Every structure is written in structure tokens, then in C-alpha cells.
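Protein sequence lines correspond, in order, to chains B and A.
Note that PDB author numbering has the first sequence beginning at 2, numbered continuously upward.
Note that PDB author numbering has the second sequence beginning at 2, numbered continuously upward.
Protein chains: 2
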Amino acid sequence: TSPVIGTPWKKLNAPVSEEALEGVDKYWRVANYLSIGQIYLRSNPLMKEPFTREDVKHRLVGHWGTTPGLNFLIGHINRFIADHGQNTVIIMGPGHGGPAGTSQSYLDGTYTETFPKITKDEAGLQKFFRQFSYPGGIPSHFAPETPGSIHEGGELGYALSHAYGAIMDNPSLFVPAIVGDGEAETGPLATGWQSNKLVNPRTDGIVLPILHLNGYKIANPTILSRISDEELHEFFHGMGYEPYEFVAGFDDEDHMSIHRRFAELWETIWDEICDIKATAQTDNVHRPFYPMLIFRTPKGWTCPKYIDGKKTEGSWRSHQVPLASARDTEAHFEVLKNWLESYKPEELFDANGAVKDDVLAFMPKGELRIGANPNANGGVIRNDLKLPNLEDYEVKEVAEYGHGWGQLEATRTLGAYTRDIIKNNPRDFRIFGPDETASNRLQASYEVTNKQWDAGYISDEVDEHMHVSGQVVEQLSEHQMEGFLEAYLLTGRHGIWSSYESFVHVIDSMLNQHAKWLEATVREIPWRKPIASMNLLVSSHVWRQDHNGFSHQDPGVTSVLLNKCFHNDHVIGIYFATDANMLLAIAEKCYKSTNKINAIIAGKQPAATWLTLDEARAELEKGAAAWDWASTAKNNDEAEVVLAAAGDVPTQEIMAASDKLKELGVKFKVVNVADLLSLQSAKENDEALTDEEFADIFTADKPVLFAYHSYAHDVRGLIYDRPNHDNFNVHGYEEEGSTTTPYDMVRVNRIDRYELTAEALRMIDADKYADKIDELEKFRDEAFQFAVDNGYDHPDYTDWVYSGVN
Amino acid sequence: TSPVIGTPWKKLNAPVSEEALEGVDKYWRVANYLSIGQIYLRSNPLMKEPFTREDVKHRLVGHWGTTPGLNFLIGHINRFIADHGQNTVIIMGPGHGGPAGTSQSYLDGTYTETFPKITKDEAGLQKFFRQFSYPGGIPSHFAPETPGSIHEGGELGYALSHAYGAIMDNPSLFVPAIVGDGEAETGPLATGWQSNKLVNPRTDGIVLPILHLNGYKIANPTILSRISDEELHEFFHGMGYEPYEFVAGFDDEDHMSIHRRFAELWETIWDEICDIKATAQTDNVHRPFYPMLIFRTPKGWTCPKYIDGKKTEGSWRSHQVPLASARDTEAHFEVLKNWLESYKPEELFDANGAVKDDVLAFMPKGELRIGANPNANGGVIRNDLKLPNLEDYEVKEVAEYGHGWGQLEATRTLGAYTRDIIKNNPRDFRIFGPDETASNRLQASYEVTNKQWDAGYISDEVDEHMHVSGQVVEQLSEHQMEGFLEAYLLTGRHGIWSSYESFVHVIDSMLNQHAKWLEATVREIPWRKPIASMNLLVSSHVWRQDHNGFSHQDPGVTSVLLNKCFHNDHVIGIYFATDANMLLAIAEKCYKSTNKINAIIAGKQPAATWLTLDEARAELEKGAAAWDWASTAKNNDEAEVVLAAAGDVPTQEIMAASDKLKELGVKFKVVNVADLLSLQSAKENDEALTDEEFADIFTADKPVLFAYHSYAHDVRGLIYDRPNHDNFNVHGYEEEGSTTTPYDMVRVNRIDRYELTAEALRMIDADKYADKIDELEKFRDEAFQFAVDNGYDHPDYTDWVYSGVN
Ligand SMILES: Cc1ncc(C[n+]2csc(CCOP(=O)(O)OP(=O)(O)O)c2C)c(N)n1
Ligand SMILES: Cc1ncc(C[n+]2csc(CCOP(=O)(O)OP(=O)(O)O)c2C)c(N)n1
Ligand SMILES: [Mg+2]
Ligand SMILES: [Mg+2]
């Protein structure tokens, strides 16, 4: 449960004191000085004479175009938090403005507790300057290593979705989301603007989107800054926002006047926020107009105006680093020296190098600090879910009528399980889906909650199961759901989100970024506590896209996911749900897990059920297991072939092929691989099953016929080192598909039961079984011709049921 | 060069005749009848008695929620084209409305020329009805098999970028881009709205975005339809559009009145289009307000109102298929029969089943038809580029001073080459880049063209190289560039686009879709002529992300790309530019190629040059080649190890390791793999090099040490079948990185020269070379400590130059 901190939504009811604004100005100066020292300095932080080119870093790496504006905003936000005691977490959308965040963490004090070696004196200042973007130091971007960070910012376009996710079910949290004007050009952010139609002011917090309209991208102006101001205000007001505009730094106005003006504007916007919050207590049915700030400043606002006769301040030339070589020429070093002295550090630092007390006297303290805020470190907030007992949802007909019984839809069991999880954990668990929950048969959750929808309502005939507050969020944008869920987990909550398989690639970048957030966390960041796992239910897979066809059949998500399994981080888990019971075991494991990305591939089509819950759990605790009941060989030596499968449709095809093989006297073994990553090399992955266990499951001499869900490429690239890998004959998706009957789909990919039977015969004796192979190959064509002639699959294919059903 | 067709931008200067609107109404009726027959009917197309449940398809597959609105729009657009003779290509954003497009193709006649077996009579009508979404038929979506299609519509959010790309450098082309309201929620489309700031009305065509605001997604209402109309108009006017609104079908108004009203509204919008075009001839500096149409209609507009007491028309329940089982119950069959008879097909079809002449008397003819428009079939327009002679750009210092000379930046040579290509081919070649052309060192193109930018201008100090018309387009959105380039190629033009490596994943979906467009084209669509290849210059790769760090280091693009190499389609090419000359050869091959996706991975960092242009061409014509000069073994038998590399940084590390090995007397071979797909299995890929050639390059017994750019997983999954695959020891990216010196980057991934030397020693004799291995492993740590202490890489690492430089 998200905690309430301080006194949320209080109006100041007084003008901002002059001492507070003096503190803000001194903070801005000292923060800019630290941001410059990090990029350029390495030694002699206080410029004690002699200050020479020796003290400049050899390789100048970093960004400065956005840093001073971020320092300005952060200083004013710090004054605001100190005055009001608001629960605040800052989303820094331009993550390349890393020095701003690191400077804030150093100034508020949190960086010293987090890293004790960086003291608050001259030596600590020297280390702090040196370590930025340094070999063995800290990253340039606003990184997980930085206290008070929940958004990396490497990628662009996910600041707004992250802010809105952070405020969901968090009524007392205020999130100022700083957005780069160039970042606003990205596709994800343009639809993230429209995310105020899915949050309720009473049940959720408040997001204040601060558009950092500095004018330029890297070597390019931004579209937003160059269109007319009337167009900008009209555009923002068309998306349910009330635009306020602040303009500074474009003339010779004194800095203290700028601080006064921003104080007044900020207090006005805060008054509208408090009015919205107070209104939401009584009326929360009709959507308000959330204010948003348009912050127009020159890029690299405080840097020297001209360098080599080139306009630097207020241009794109200041994005990465002005003074690209301040160590190679004397004129550049003099420019840098004057730039550093312009902030007058002699009055900002005491004799010992500590920032003077009166500079930070206005700073917030305790839990209120951005660095120490719990919503930044979502691990400490996180509490484990209350999970319903699993046997309540087990499919018991398997244990009575035998394996392979029925035509159940696999995902409905997960739907019921998640419904009861929501029932036990309201306001703490949430389901996302890009318009596809009902298609993924997860609608069982609607019995205990509603779809959160804050746009207009028209009629009851079409608005079933929607409400202003709910635990289900839908919007046709995978970026929205991914960002929402990542932010939701990063703040300490839990959730799951489901999608079509081919469309998960839309968020291939996003997943990667989260993986990078986890890999960085597990390796070198002990103080960042574990967060809940990100659960992605991939459904409506390639093998059953009847209505859509070729455009919707892309199983390549696994190929992307495997790229992130290195160095025993275990941040990735890929699970294949053979049936409903296997799905239950997988989901239970995933919901108990932490610091992982769990992709559960389950089909929504009517499929048989093979395992009991105990059997499924036993298979899952190893990752792959031999089905003793399905096999005909009592020992490894007897088997003439091993049929291994991963995925529901491949499992069905393998079992159907096994039935035909059993009529021919073939001794074969049957293996099901629930978890893909268990097949990884033992010495590479300690959690992966050992080579001895692998050899026990797959005998060395016996050929192995593997039927796989995704492309065979990723499996073959995974088992290269394993014993008997050369005998594996993997059959996977082969980029063949259309709108056609289910038998045709598996036929054109050579994964059907008849082709699998012919393959298993060929690994034994093509010469002995030549006639049978000819008959099977003829029958494939005859069955396809039957589907063409009569419009549906063959009675042989459709009516087939396993011989073990009682 | 894009041709001029008909009489572009003519005002009608007369009211629409009543006979034309009668024709439009009859067209709408017959098109809806055909769309229903495709989804439901299997036989007896004209409902000749007896009409029973036998004639209904067993498996009802398709979409109807968007079909009638598309039929309405297409009928009115057809009347418009017939009246004005405009050059028009329709982008159908809701691609799931396939029956609309197929019905249009059948009605205008083009489908009969394209597929002669589908005659225009009762038997042809029966075949046309049966083949939709059928085994051995045609896909459900608006597919490449459908004449007059350039956008699949499978994925959502790329209609606007495709339209804007289609109109670039096409002054006479008018593109009505139909956009689904649910599709407008997607991230790519929200930023595609802002694409009118990058097109010039004089030099480009006109896009008319038709927002198909039918209200609902699948089982969910849309955000756009539920916000207030004032908000909608304000939002669209804030993005430089003039919104016109049409509302129909929500009451009992007669259909003919709806047709009259839409005729008047369409003519008004066309008058504003013609005014904009006429103005652009004299003044094209200031941006106009392009009109856009908001088309509010009930979803599944003409279907029965209620089915099972559930609101079907005007709801989300009609998205895929109303009457989900019209074959299983008599009441459902009666509902379907009445639905079919409501269109009165008895007067729309003659005795022989041909659509009556007076129904299509208003139709356009010849090249003007949407099916027969050349801009739909971009292959016939396409003409080969005028390529400058290659030796003009060869780096000649290699042939004089020896291999490995210099510190040139690889991509600058490509910059000069593309500059001269633009010079020879203006208005036909175009460069795209998500704000990264100057970072990718492609700015040499600015000497002959400008960045196209139609937003406001402020000053010359910051607006260098921008102009209202240019051959370079920049906007911080990879979706924009990918869609622009795909549409540009699909209409017959050529282009290239460059990007950071980690961010190509942002368009992982888009690439896949284009691959699907190509694979479908090469296999079964002969009448679709080849289009220009899509060239993606991947630069600023993982090994040299000094400023950004861990967030920007993701080489997984190759893993996605390999998933699309099946069945000898050869739609994918991955090339690794070792140096400038190799890059020139690669680019020449790519620019001459057709129907491919070519990913050229070249580094922007200062790197040595190894090959002459003839040598690079010789290596490229095989894909992998043995460097005879670098090797020490004259024959395959002598070598104790083979050092193979793919990529510039891996090549540098391999050569540096070879220099250290040569001092120890080791006989080794050196191999460079320019093209990855040449390593694919010979029997799988006919273009891939044979197993005999592979064995010649890599001897069977000798161990092979492979240094790879991307993850080792994809390489190992590619060479499973090849001889001596078990001896390969691939070293690739291992998810280790930060902001640090270049030596550290390759050190933490165990791909540096010292680790490679130790590895190559270990494949020979760990026991003999134990002391040398210990010394190398100590030296790695000492060199990293030097970088930590002094801030830059070791003099041993930095100052090293190949021993073959004269
Ligand atoms: C999708 C994407 N494309 C490109 C980049 C490379 N990049 C890093 S920072 C940056 C510029 C950011 O522009 P803007 O939003 O204007 O930021 P600011 O001016 O505040 O630095 C770019 C393009 C990226 N991070 N993400
Ligand atoms: C990114 C993405 N997510 C999901 C889908 C699945 N899908 C196919 S059609 C469709 C509904 C389209 O909605 P809308 O734009 O309102 O279309 P219309 O009402 O005209 O059918 C969806 C969600 C998709 N094609 N692309
Ligand atoms: Mg900016
Ligand atoms: Mg719609």
C-alpha cells in the first residue's frame, strides 16, 4: 500500500518569503557550478590557485544543454516541497541531464548516506567531480545509481506514461514530469499526453507535465518551439490541459526577478492543483483541466554566449558539451575559467569546501527529500501479495478422466486466479492491456472491478464494466501499458499486462530499458531494494490467428528476450503454458517473484489439458520434465527417438504424433520444456539445469525431435554447448501463414502431426519406413485438399483425442 | 521520377449531378452486399432459391465494424476521381477492413485483370465470395495481393506517416488517409499528426487525413470519440489542421440525403485544397492549414440494430463479425437473410450476376482507377539510380602506405558518396534520420541539399542548412522516418535512413511488417514489380557510446533481423562495414539492390582502414574472405588457430591480437565476414556459401576464434549445421557497459586484444603458454587501473598501429 507522507495538497496562503528565494538563487548557482565541475573538472574543485589545464578532464563527456534548466526547476521544486511538505517524486524526462540529478542528490545530502566515501568537503567534492562519466565512476544519464531516480531517460518518450503510472492508486503523490521539447516529438510521448483521460483525481495523484521547451534537439530545432504560441496553447488545451507559460533567460532581466516570477507562477498553478484535489473529494465524475507548465528557456542557459564566433547559448551547439577541447588550447581554458568564476563559487563554499549552510537552509528534510522519498525506492514500499489457494482453480478433470481431456481455454483459469488476487488485493494490484483483455479471455476480472475510464459516458448498452475508478486500464497503445506497468512496479505495487504476441515487438525498446534497469540494479546497487516482477501474458499466439492472418503472426518476442540473460542476473524468465494447470503454476511462481521480466506464453484457443497441478509444479521446478505416462520406453536405452515440445500447439502436435508412432511399435520418450532458460549452458547460468540432468532427460546417442513455438534459431543458439545438441532437430515457426484453418497453419510450417511423424520415422530408418512415410506425406496433401473443398479441417485432425482419456 | 496523371487540382465549379449521387448510392449498396457475401457466403451468391444454411461458410472469419464506412468513403472518392481526374492513392489505415478494398477492386474491374479466373458473372462472384479468408484464398486484411494497396494495415499507427511519405516529392498526388479512431490512440499516429510541418505544398502533394471516428475499438470506446467536440476541434486546430466534421447514420435520415450532404462537404474541402495548391505556386514559405475530415458514423453502420437483445450497430459488438454463428441456428440464419435482402441485390445485379452497368457508370477509367494507379504499384514507376563512379571515393592511402593506416571516420566516405548520388538524382533520392544525421557524420550531403523544415524560422545563427524544400528530413521519431522511407520506396523512389543502433528496436515492429510485405510479394505476387531496397545505416554502435552509456548500448537489432530469412526470399541483408572501402562496396551493392532490407552496420568513430576497394569488393561477392596478407600460415594445414571477425571494432581487436600472436610464432589464419547471412546453412539458403567453401575458409580440425559485433547467440544459432561449428568460440556483446574509455568497453565484454590473445593461446596449449597467459591477464587489470588513474586508455592500447603500415 502506498503511504501518505507529510500534508498533501495544502495551499500556502502567503507570499513566498524573500529568504526562500535568496536560497533558491544560491542553490541554482551552486548546482550549476557542480554540474560544470562534474563535466569538466577532475582535480582542484574549488579553483584554488594554481588552476591550470592539468585539472581539466582529458576526455570531456556529458551533457549541458538541458542541465541549467533542470537545476532551476529542481531548486524551485525543492523550495516548494520544503514549504508545503508535499509528497513529490520527479520524473526527469531528459535523462541525459544527469549532472542535475547528481547535483541535487549531493546537495540535499542523500548522496552522502548512499555513498559514504563521497564526503561533504574538498576531497569529497574532488571525488564527486572526478567520478562522473569516468572509468569506474557513475553513468552520464540519470541512472539507478542516482538516489531519487525511477526513470532512466535513456530512451525518449516514456516520461509521461511513467509519471501517470507512478500516480495511479497514489492519491497523495505529486509528480512533476519534466518533458523535453525534442522528446515530445517522439511517438510514445504524443500519445502519453492523452493519458489524463485514464486517471481519477480522487483515487490517484496529480501529474504536472513541465514541457522543457528549450527550442532545440541535437543540431536541430524542435517542432513545438517553432509553431505559433496560439497553436501551442490550442493544442495543449485540446488534450484536456490548462497551459501556463513561463519565459525567462531571453533578455537581460535579473535572476532574482526571474525567481520571484517563477515563485508566483508556481504558486498559482499549485492553487489550481489544490482546487482540483479539493473538488475531487465531493465530485470526481467529471474530468477537470489539469494545468501544465510550458517552460521556455535558452538551451544551456548560463553558458557563455559565443564560442569561436558561434552562438552557443540558446542554440543546439550547447547540447552535449561546449568547449569541446578545454585542455588543448589556452583560449578555451580561459573561457572555461571565466565560465566557472561567473557563478562566484568563492561565496557558495566555505573554507573546507562544504556548501555553506545558508545556501541549503531552505532545503527539505527527512522523508520529504527527493533522494530519500520512498516512492523513489519502490522496494521498501513493496509488500508481498495475498495469494488465494491454488487448488481452488486446478482443473480436476485431468486427475479423473485422464490426460488430454477436454477443450478448455487456457487463459480463463488465469482470469479467475487474477480475479481472486484483485479481490484479496484491491488498490494494490492492477491489470493493463492494449484493448485486448476481453480477446485474451481475461474478462473474469470484471466481476470484482471495472475498467477505469474518465472520458465521457453515453449509454449503458455500450459502457458495460467501466467506471471512473477501476483496476483495469485499456488504451490502444502498447507504450502506454508498458510505461504504466513499469512505473506501477517501480513505486512498490504489483500488476500484470497481456497482449497479442506479434505486437509485443512494439515495446521491444521499452522491455530492453527495463532489463537494463534490472541488470544495473542486481549487480552494483545493493541499497535499491527488489521490486515486483513485470508480468507479460502473451496470448493469441501465431498458431491461432484465424481472423487476422499473416500481419499478426510474429513470434519473435523470444528472440529479443533471450538477449538479456548474462552473468547470473536472472532478470528474464520465459515460460510456456502447456495447459491450464501449468499456467497456474507459472503464474503463482511469477507473482511471488521479484526483479524479473516474466513472459508467459499461453494460448486463448480451446486446447486439451495434460498435467495435474502437482505434476505441473514438479515440471516447473526443473523447467523441463519427461512425461512418464506418455512415453513407451521404460528406460533411456530403449527409446529410438525423443519427442520434446514447448508450447501448447507444439505439445498437441507432439502428442498426436506419438499416438501414430505407438501404433507402429516405436519406442520413444516424451519431454516437455516449460521454461526455456533452463536449457541454457550450465556454466553460463547457474540456475539452468546441469549437463548431467540434461543428459538424463535427453540421452546422448538418441536423436531428439524438438517442436518449438518460436523460431528454431533461438533454441539452436541456446543449446550449442549441451551434450547431444547435434542430434536436435528443431521445428519452429517458419514465416508461413495466412487466414486459414488451424491445420493449414501448422502444415505450412512443417510442424503438423503427420510431418512430425515422418520426421521421427526418418531419424530412425527412412529405408524401413519408406512406404509409411509416403502414405503420411500423401495424407498431408489430401487433408489440405479436404480443407479447401469443405471449408474446415479434416475429421481425422479435428475429432482426434488422446488415447489416454477415460 | 513520379509521373503527373490527369488534371491535378481542378475545381469542379458546378454542383454535383444527381445521376452521380444515384450511382454513388447504388455503389455503396452493392459494395456492402459484396463485403457481406465475402464474410458469410460460400455458395449461391445471388440468393437464388433455395438459399439455405448450406451456403453459409462453416468458419465465419473477417471484420465488419469498419467496412461500411470505408465503402461509403471509397464510393464518394471514386465519384470524386471520376469527376476531377485527380491522381489519387488511398491509404486505408484500418487494414482489417479488407472486404472494402477487395470489393472496390472487384467493382472497378482491376481485380479481373489481376486475377483472370475471377470473372464478372455468377461463377466469378461465387469464387470471389468463397476465397475471402479461406484456405488457399486471400488474406482478411488489406493485403499486397489486393490491387491498389500500399499499406497493409496489420499494424496500427503508420497510416499518416505512410501517406506523408507517399506525397513527398509528388506534387500531383492526392492521398486521402483514412485513420481509425482507435488507431489514433497509438503512439506512432499521435506523432504522425505533426507531420504536416515537414512537407511543402508546392513541391509535395496533399494528404487529407480522414479520421474514421466510429466511436469504438474492440470491446472498448475510443478516447477521441468521447471527449467534447470543442476539445476535438481545438486539438486538431492546434496541430495545423482545419477540422471539418461530417455526421451521419445516427438518425433516420434518408441515405440519398446523406450522399448529397457528403458531396457538398467534400467539394468544400476540395475547394480549400485547390486554393492551398494554387497559393503554393506563388507563396510556399508560410505554412497553410490543411483541412482534415472527421467522419462520425455508427460502427457497422448498415448491420441489424439488435442481435440477441444486444446493441450491435453503433457498438463494439460489431467489430469482427455479428451473427457469430449463422449456420448453427435458424434464427441467426433468418437475421442474416434479412440483412442480405435489405440491400435489395435483385436490382443491383443483372440476370448473369454481373453488376448492372448503371451502378458503375460513374466509375473512373484507365490509369485513374485506384487499382490501376501507378503509385500503388511502385515497381513500374521505379527507375534505377544514376550512380557516381566508385573509385572517386576510394581511400587510396591503403594501397600506398599499407593496410591498417590512418584514423579515418568510416561514415564520411558514405556521406560523400550519398551527396553525389543526391547531386545526380535530385527529387528522386532522399535521406531520413531521427535527428542524428550530423552525429552520424552524414552532413556532407548538406553541400548539395538542405533539411526540409516548414515550421517557423527565427535566425541564421541556428537555422543553418534548413529550407522549405530539401532532400533531408529530420524529426525525433524513428516511426516517422521508417514510415516515410517505406512509403517513399513503395511509390517508386529511393532513399536511405540512418540511426543509432540501440534505438532501431523502436521500429522492430515496422521492419517486421515491411519484411512481411516483401515476403508476401516475392512468393505469390508476380504482378507487383520490385521496389527499391530499404537501406538502414546503423551507426554509433555499442562499442563507442562514450557520451551516453549503458542506456544506449543495445546491439540486438541483428537478432530481430535474422528471424526473417526463410525459403530463399532473401529479403534481409546484414552487412558489417570493416572500413571505408568495405562501406563503399556495401553501399553500392545496396543501392543497386531491390526488394530487400539492408542493414549496414558502420562505426562513426576514428578507425583504421584495411582493404582496398577491389579487395573489399572481392570479399563482398563471397560474404566472407581470408585475409592472405594478415595470416601467417600459407596453407590451411599449418594454422593452429583461425581468427575470424565481423565488425570494425572486432576487426581491430582481432588484428591487434594477431600482432601479439605473431611475436610468439603462432601460425594462424585471419578471416573477415562482411555479410552475416553467407554463414547460413547452404541447403537452407541457396545464396549462402557452400559447405565446401566454408570448410576451405574454416578448416575442419582447426579451432576458430570468432569476434562478433552483436550477441554471440545469433551467430551460434546460424552456424549449427556447418562443418567445424563445434570448434567456434564466439565472443560478442555481453550486456556490460557504462560511460568509460573505449578500452574498458571491450575489456568488460572480454573482446579486447589481450583477452582474445589469451583465448587463442588456450585453444592451442594452456599448459605451454601458462606464463604468457598469466602475464596477459595481469596486464588487462593493469591497463584498466591505468585508465582509472590517468583518465585515458593505456599508451599501449592507444598508440598501437598495425605492423603492416609503411
Ligand atoms: C528515441 C531516441 N532517439 C534518439 C535519442 C538520442 N538522444 C539523446 S538526447 C537527445 C536530445 C534530446 O532532445 P530534447 O528533448 O530537446 O532535449 P534537451 O534539449 O532538453 O536536451 C537525443 C536525440 C534518444 N535518446 N531516443
Ligand atoms: C498496435 C496494435 N494493437 C492491437 C491491434 C489489434 N487490432 C486489430 S484491429 C483493432 C481495432 C481497430 O480499432 P479502430 O481504430 O477503432 O478501428 P475500427 O473501429 O475502424 O475497426 C485492433 C485493436 C493492432 N492491429 N495493432
Ligand atoms: Mg530540448
Ligand atoms: Mg474505430
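Cβ atoms here follow ideal geometry from the backbone N, Cα and C, with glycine treated the same way.
Ordered along the chain, which non-local residues of its own chain (more than five positions away) have a Cβ less than 8 Å from that of residue 336 (chain A)?
-> So the list reads 305, 308, 324 and 327, once near-sequence residues are dropped.
Contact residues within the segment 31 to 55 of chain A, judged by C-beta distance below 8 Å to chain B = Against chain B - using a Cβ distance shorter than 8 Å - the residues of the segment 31 to 55 of chain A are 43.
Distance, residue 604 (chain B) Cα to residue 417 (chain B) Cα = Pairing residue 417 (chain B) with residue 604 (chain B), the inter-Cα distance amounts to about 16 Å.
Whose C-beta lies closer than 8 Å to the C-beta of residue 133 (chain B) among residues of the same chain, with five residues either side of it excluded?
-> So the qualifying residues of the chain are 39, 40, 63, 99, 100, 103, 139 and 141.
Taking C-beta pairs closer than 8 Å, name the residues in chain B that residue 631 (chain A) reaches, listed in chain order.
-> In chain order: nothing, as chain B lies at least about 28 Å away.
Please indicate yes or no: does the CB of residue 436 (chain A) lie closer than 7 Å to some heavy atom of ligand 3?
-> No; taking the cut-off as 7 Å, the Cβ of residue 436 (chain A) has no heavy atom of ligand 3 nearer than that.
Assigned secondary structure, residue 633 (chain B) (DSSP; H/G/I helix, E/B strand, else coil) = The DSSP-derived three-state label of residue 633 (chain B) is coil.
Taking 7 Å as the cut-off, is the CB of residue 301 (chain A) close to at least one heavy atom of ligand 4?
-> Flag unset: Cβ of residue 301 (chain A) not near ligand 4.
When you compare only the Cα positions, how much space is there between residue 793 (chain B) and residue 750 (chain A)?
-> If you draw a straight line from the Cα of residue 793 (chain B) to the Cα of residue 750 (chain A), it comes to about 53 Å.
Hey, would you say the C-beta of residue 637 (chain A) is under 7 Å away from at least one heavy atom of ligand 2?
-> For ligand 2, not one heavy atom lies less than 7 Å from the Cβ of residue 637 (chain A).
Report yes if the CB atom of residue 717 (chain B) is closer than 8 Å to the CB atom of residue 658 (chain B), and no otherwise.
-> For residue 717 (chain B) and residue 658 (chain B), no; Cβs fall outside 8 Å.
Residues of chain A with CB under 7 Å from residue 606 (chain B), in chain order?
-> Result: empty, since nearest Cβ-Cβ is about 13 Å, beyond 7 Å.
Would you verify that the beta carbon of residue 764 (chain A) is, or is not, closer than 8 Å to some beta carbon of chain B?
-> Among the CB atoms of chain B, none fall inside 8 Å of the CB of residue 764 (chain A).
For the alpha helix (DSSP H) holding residue 717 (chain B), just list the boundary residues, first then last.
-> From DSSP, the alpha helix (DSSP H) with residue 717 (chain B) extends over 713 to 717.
State yes or no: is the beta carbon of residue 514 (chain B) nearer than 8 Å to at least one beta carbon in chain A?
-> For residue 514 (chain B), the closest Cβ of chain A is nearer than 8 Å.
Residue 299 (chain A) to residue 601 (chain A) span [Cα, whole Å] | Going by the C-alpha atoms only, they are around 48 Å apart.
Which residues, in order along the segment 680 to 702 of chain B, keep a beta-carbon less than 7 Å from a beta-carbon of chain A?
-> Result list empty, no residue passes.
Of the listed residues B:799, B:786, B:470 and B:518, nearest to residue 152 (chain B) (C-alpha basis) = When each option's Cα is compared against that of residue 152 (chain B), the closest is B:518.
Ignore the nearest five residues each way along the sequence and tell me which others in residue 570 (chain B)'s own chain have a CB closer than 8 Å to its CB.
-> Shown here for residue 570 (chain B): same chain residues with a beta carbon closer than 8 Å to its own, the five before and five after excluded, namely 519, 520, 523 and 524 in chain order.
Sorry if obvious, but does the Cβ on residue 549 (chain A) come closer than 7 Å to a heavy atom of ligand 6?
-> Among the ligands modelled here, namely ligand 1, ligand 2, ligand 3 and ligand 4, ligand 6 does not occur.
Please classify residue 552 (chain B): is it buried, with 16 or more other beta-carbons within 10 angstroms of its beta-carbon, or exposed?
-> Counting C-beta atoms within 10 angstroms of its own C-beta, residue 552 (chain B) has 16 or more neighbours from the protein chains shown and is therefore classed as buried.
Roughly how many angstroms lie between the CA atoms of residue 739 (chain B) and residue 18 (chain A), to the nearest whole one?
-> When rounded, the distance between both Cα atoms is 43 Å.
Interface residues of chain A around residue 187 (chain B) at Cβ under 7 Å?
-> Think of a sphere of 7 Å around the beta carbon of residue 187 (chain B): the chain A residues whose beta carbon falls inside it are 192, 477 and 478, in chain order.
Just tell me which of B:168, B:498, B:50 and B:527 has its CA closest to the CA of residue 91 (chain B).
-> Answer by Cα proximity: B:168.
Using 8 Å as the limit for Cβ to Cβ distance, is residue 59 (chain A) near chain B?
-> With a threshold of 8 Å between beta carbons, residue 59 (chain A) makes contact with chain B.
Own chain partners of residue 33 (chain B) with C-beta closer than 7 Å, once the 5 adjacent residues on each side are dropped = Contacts found: 69, 72, 303 and 344.
With distances taken from each beta carbon to the nearest heavy atom of ligand 4, which residues come in below 5 Å, in chain order?
-> Going along the chain, the residues that qualify are A:181, A:182, A:183 and A:215.
Candidates A:26, A:354, A:284 and A:65, of which the one nearest residue 125 (chain A) by Cα | Here the closest residue by C-alpha is A:354.
Residue 705 (chain A) and residue 725 (chain A): beta carbons closer than 8 Å?
-> In this structure, residue 725 (chain A) lies closer than 8 Å to residue 705 (chain A) by Cβ.
Cα separation between residue 47 (chain A) and residue 722 (chain A)?
-> If I take the Cα positions, the gap works out to 56 Å.
Kindly indicate if chain B contains any beta-carbon less than 8 Å away from that of residue 549 (chain A).
-> For residue 549 (chain A), the answer is yes, since a Cβ of chain B falls inside 8 Å of its Cβ.
Excluding five sequence neighbours on each side, which residues of the same chain lie with their C-beta closer than 6 Å to the C-beta of residue 248 (chain B)?
-> Sequence-distant Cβ neighbours of residue 248 (chain B) in its own chain, meaning closer than 6 Å and more than five residues away, are 297.
Could you check what DSSP says for residue 18 (chain B) in three-state terms: helix, strand or coil?
-> Coil at residue 18 (chain B), not helix or strand.
Using DSSP with H/G/I as helix, E/B as strand and the rest coil, what is residue 381 (chain A)?
-> DSSP places residue 381 (chain A) in helix when its eight states are reduced to three.
Determine which residues of the segment 197 to 228 of chain B have a Cβ less than 9 Å from any Cβ of chain A, and write them out in chain order.
-> Close to chain A, meaning a Cβ-Cβ distance shorter than 9 Å, are the following residues of the segment 197 to 228 of chain B: 198, 199, 216, 217, 218, 219, 220, 221, 222, 223, 224, 225, 226, 227 and 228.
Since I believe residue 84 (chain A) is in contact with residue 288 (chain A) (beta carbons under 8 Å), could you give me their beta-carbon distance rounded to a whole number of angstroms?
-> With a Cβ gap of about 29 Å, residue 288 (chain A) and residue 84 (chain A) do not count as contacting.
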